[PDB]
Amino acid sequence: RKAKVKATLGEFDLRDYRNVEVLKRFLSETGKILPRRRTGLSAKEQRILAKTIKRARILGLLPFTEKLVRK
Amino acid sequence: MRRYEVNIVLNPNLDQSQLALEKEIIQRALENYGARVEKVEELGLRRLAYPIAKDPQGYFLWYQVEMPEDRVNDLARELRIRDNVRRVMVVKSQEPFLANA
Amino acid sequence: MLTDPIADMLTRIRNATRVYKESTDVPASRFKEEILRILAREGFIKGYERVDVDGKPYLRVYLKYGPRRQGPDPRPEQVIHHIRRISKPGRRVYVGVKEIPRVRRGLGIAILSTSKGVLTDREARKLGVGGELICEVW
Amino acid sequence: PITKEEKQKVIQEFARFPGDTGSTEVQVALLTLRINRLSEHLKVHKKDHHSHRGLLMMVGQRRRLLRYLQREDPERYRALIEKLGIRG
RNA sequence: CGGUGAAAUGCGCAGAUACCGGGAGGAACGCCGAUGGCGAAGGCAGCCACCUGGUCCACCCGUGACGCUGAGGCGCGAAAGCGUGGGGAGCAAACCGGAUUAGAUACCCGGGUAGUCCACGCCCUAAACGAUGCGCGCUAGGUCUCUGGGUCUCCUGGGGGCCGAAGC
Ligand SMILES: [Mg+2]
Ligand SMILES: [Mg+2]
Ligand SMILES: [Mg+2]
Ligand SMILES: [Mg+2]
Ligand SMILES: [Mg+2]
Ligand SMILES: [Mg+2]
Ligand SMILES: [Mg+2]
Ligand SMILES: [Mg+2]
Ligand SMILES: [Mg+2]
Ligand SMILES: [Mg+2]
Ligand SMILES: [Mg+2]
Ligand SMILES: [Mg+2]
Ligand SMILES: [Mg+2]
Ligand SMILES: [Mg+2]
Ligand SMILES: [Mg+2]
Ligand SMILES: [Mg+2]
Ligand SMILES: [Mg+2]
Ligand SMILES: [Mg+2]
Ligand SMILES: [Mg+2]
Ligand SMILES: [Mg+2]
Ligand SMILES: [Mg+2]
Ligand SMILES: [Mg+2]
């Protein structure tokens, strides 16, 4: 239990593909859509999120991929 | 008929009197294809996550319209001809799924 | 779908008993209740009682067992050791009187459907008639 | 698709008496709809082999209902067929 | 440079590889992604909209046995493969060359045509597998999971798994 992104957030719309400030938090240091293990999301939730992020990337708002910066 | 959500992304560099004219030509395609507009949100411009059309920003339009179903596809590739449009994405409206912890 | 409801009845009783159920319900039917009426007399079941499941006609069959046993498995002797359907749909089995059989040297039953009723092998052979050979029991 | 409003007007058209949400005639009717509606889709989409499957099922079902009605009340069978133009 | 156990064939001073920017093209969709879902099977995963099948739950409203199975028939049917046309990045039967080896005539490496891709028409086979026909009733429970409903501690449907009563 490193940190669950379900808790660090109030309530939001999972079908909202424009809410970058939320969505941003379900991706990794790379653009990669986090695993349900780190998202804490339901089984149904994760599939919905999944599509919303895809929609939003295609819109230009979220990244397909990043580059890992050795921090 | 059905209700949707028209998204459009334009390039950020349009001077006011040029950006005004894409907003009208949009609104006349809409007009044209039965698309009755319910409400609009100009979010202006955000910074993108990747270079769409080589430039790092993009100008954003949103339109909760009410087309007749079977013409939505025309509307889109009719919106998308206009050169200063970098991306169009129309999408069926759906009730928000809420989540917390 | 359901095709033999008398099979279904018998088999309901069979499976019930093997788990030592005290009783099981079976969707009702003038006929089935006759067969049960027989099984009652001959002591294979304590009796049946007509009941109602969700306003649906049913027949509560109350099963009968042996006494508990010693040894490492104590599940009572069965009373209905073997119940089995003979005439089935898609092969009916009619028997003339001088062809009605004997079940287990007289120790068992054959239940017969005749124009004079639902009879046991003995009951039928006494009234001098035969008919459809429904099941055998012991 | 078929909107509720559309289908309801079919129902009321064949309804054997005020409120009959689903007699034989009605079932055949609503089913006859769905079939033409789907068949038409299949003239355009000859590759939707999977949806054709459901069409046989719909058709075959329609036959069995009619088959029943023919035996049941042979008059209401003439009526219902003519009033929908079937068997051909 | 590439490449293997090592290495050569190959490519490179007509400037390759590595690096930045521009463009064209094809084919497949990383993360989500599961030991998950859907489908009658073959099979089906970027995103969107249109057209469309199956299906589950609640209400218990309508019909009133209208049901099940199914020789033949008819339709679907992975991959390879055939005909015509288009397409061709990557891959890659045959074939060409490098190595290995007692010999390779294969396994390894560098090439490469069919093919793999689209449409249309054929082909109709499979470890087409749950190697388990379809439909219905009956016969302890535990646990994990996808998905409905409730007076949602728990109760109640439909799927998917593991463990087990009786039995086999
Ligand atoms: Mg005789
Ligand atoms: Mg380059
Ligand atoms: Mg080319
Ligand atoms: Mg399945
Ligand atoms: Mg398979
Ligand atoms: Mg009712
Ligand atoms: Mg009646
Ligand atoms: Mg009635
Ligand atoms: Mg059938
Ligand atoms: Mg059949
Ligand atoms: Mg084939
Ligand atoms: Mg092929
Ligand atoms: Mg070919
Ligand atoms: Mg060719
Ligand atoms: Mg050689
Ligand atoms: Mg090779
Ligand atoms: Mg090659
Ligand atoms: Mg039910
Ligand atoms: Mg449940
Ligand atoms: Mg289950
Ligand atoms: Mg087991
Ligand atoms: Mg055992």
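The numbering shown runs from 1 along each chain in the order of its written sequence and may not match that of the entry; residues for which no coordinates exist are omitted. Chains carry letters and ligands carry numbers; both start at the beginning, A for chains and 1 for ligands, and go up in the order they are written. Although these chains sit within a larger assembly, the values stated refer solely to the portion shown. By convention in this description, side-chain values take in all heavy atoms of the structure and omit both hydrogens and water.

- Header annotation of the entry names X-ray crystallography as the structure determination method and lists the resolution as 3.5000 Å.

### Focus: the overall build of chain B
Right, on to step 1. Across its full length, chain B carries 2 helices and 6 strands.
Right, on to step 2. Put simply, DSSP marks the helices as runs of H or I at least four residues long and the strands as runs of E at least two long, and each gets a number from the N terminus on. Sequence-ordered secondary structure for chain B, helices as α and strands as β, is β-α-β-β-β-α-β-β.
Right, on to step 3. Overall, chain B is about 45 × 35 × 20 Å in size when its C-alpha atoms are taken along their principal axes.
Right, on to step 4. Only protein chains enter the accessibility calculation, which uses a 1.4 Å probe. A residue is then buried if its area is under 20% of the maximum for its type, exposed if over 50%, and partly exposed in between. In chain B, buried positions account for 41% of the 101 residues.
Right, on to step 5. By the convention used here, residues are in contact when the closest approach between their heavy atoms is within 4.5 Å. Taking the intrachain contacts of chain B between residues at least 6 apart in sequence as the baseline, contacts between residues at least 24 apart amount to 75%.
Right, on to step 6. Of the roughly 5900 Å² of accessible surface on chain B, 45% is carried by carbon and sulfur atoms. Only the protein chains shown count as cover for residues, with accessible areas throughout obtained via the Shrake-Rupley method and a probe of 1.4 Å.

### As for the environment of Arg75(C)
All names here are of chain C.
Right, on to step 1. In this fold, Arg75 is placed in the loop between strand 3 (56–63) and strand 4 (83–85).
Right, on to step 2. Spatially, the C-alpha atoms of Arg75 and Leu63 are 14 Å apart, while their sequence positions differ by 12 residues.
Right, on to step 3. Contact partners of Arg75, with chain neighbours within four places excluded, come to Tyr20 and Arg69.
Right, on to step 4. Within 3.5 Å is the distance limit for a polar contact, defined as a pair of N or O atoms, with the added protein rule that one can donate a hydrogen and the other accept it, and that residues adjacent in sequence qualify only through two side-chain atoms. Polar side-chain contacts of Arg75 include one of 3.2 Å to the side chain of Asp73.

### Thoughts on the sheet that holds strand 3 of chain C
Residue and element names in this part refer to chain C.
Right, on to step 1. Two strands make a pair as long as DSSP finds a minimum of two bridges between them. Here 3 strands make up an open sheet; going across it, the order is 1-3-2 and the pairing antiparallel. Each edge of the open sheet is held by one strand with a lone partner, namely strand 1 (24–27) and strand 2 (45–53). Shown here is a sheet whose adjacent strand axes are inclined to one another by a mean of 30°, direction ignored.
Right, on to step 2. With 8 bridges joining them, strand 2 and strand 3 adopt antiparallel strand pairing. To get an axis, fit a line to the C-alpha atoms, keeping to the stretch in contact for a helix; angles then go from 0 to 180 degrees between the N-to-C directions.

### Description of the protein's contact with RNA strand E
Right, on to step 1. In these notes, residues near a molecule or strand are those with any non-hydrogen atom within 4 Å of it. Within the structure, RNA strand E sits among 59 residues, and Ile33(A), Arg47(A), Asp20(D), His41(D) and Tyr68(D) are positioned closest to it.
Right, on to step 2. Here RNA strand E approaches the protein such that, of its atoms within 4 Å, sugar and phosphate make up 78%.
Right, on to step 3. Interatomic distance of 3.4 Å between a side-chain N/O atom of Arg36(A) and a phosphate oxygen of RNA strand E.
Right, on to step 4. For the surface near RNA strand E, the secondary-structure elements that each account for two or more residues are helix 3 (43–58) of chain A, helix 2 (72–79) and strand 5 (85–92) of chain B, helix 1 (5–17) of chain C together with helix 2 (24–44) and helix 3 (49–72) of chain D.
Right, on to step 5. A breakdown of the residues in the surface near RNA strand E according to their chemical character gives 19 nonpolar, 16 polar and 24 charged. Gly counts as polar in this scheme, as do all residues outside two lists: the nonpolar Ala, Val, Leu, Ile, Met, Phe, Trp, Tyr, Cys and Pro, and the charged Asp, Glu, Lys and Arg.

### Digging into the pairing of strand 7 (residues 117–120) of chain C
For a regular strand, side-chain orientation follows a simple rule: the groups alternate between the two sheet faces.
All names here are of chain C.
Right, on to step 1. Taken together, the 4 bridges between strand 6 (residues 109–114) and strand 7 define a ladder with antiparallel strand orientation. Looking at strand 7, one finds that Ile111 is bridged to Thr120.
Right, on to step 2. The turn joining strand 6 and strand 7, which pair antiparallel and follow one another in sequence, is formed by 2 residues.

### A look at the interface of chain A and chain B
Right, on to step 1. Between chain A and chain B, the residue contacts involve 22 residues of the former and 23 residues of the latter.
Right, on to step 2. For the pair chain A and chain B, the summed buried area comes to about 2100 Å², and 58% of that belongs to carbon and sulfur atoms.
Right, on to step 3. Here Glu41(B) ties to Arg18(A) by a salt bridge, and the two come within 2.9 Å at their closest N and O atoms.
Right, on to step 4. Counting the contacts that link chain A with chain B gives 10 residue pairs in polar contact.
Right, on to step 5. Where the side of chain A that touches chain B is concerned, the elements lending two or more residues are strand 1 (12–13) and helix 3 of chain A.
Right, on to step 6. Of the residues belonging to the side of chain A that touches chain B, the class tally is 11 nonpolar, 2 polar and 9 charged.
Right, on to step 7. Alignment of strand 1 of chain A against strand 6 (residues 98–99) of chain B, held across 2 bridges, turns out to be antiparallel. Joining two parts hides part of their accessible area as seen by a 1.4 Å probe, and the buried area is that hidden amount summed over both. Salt bridges, as used here, are contacts in which a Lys or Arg side-chain nitrogen is within 4 Å of a carboxyl oxygen on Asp or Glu.

### Some points on a positive patch on the surface
Right, on to step 1. A cluster of basic residues, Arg1(A), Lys2(A), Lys4(A), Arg37(A) and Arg38(A), forms a positive patch on the protein surface.
Right, on to step 2. Position of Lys4(A) relative to the elements: it lies in the segment before strand 1. Patch definition: residues with relative accessible area over 30% and no salt bridge; like charges joined within 9 Å; nonpolar side chains (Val, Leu, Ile, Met, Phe, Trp, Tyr) joined within 5 Å. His is not counted here, nor are the chain ends, while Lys and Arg score as positive and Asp and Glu score as negative. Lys charges are placed at NZ, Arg charges at CZ, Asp charges at CG and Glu charges at CD.

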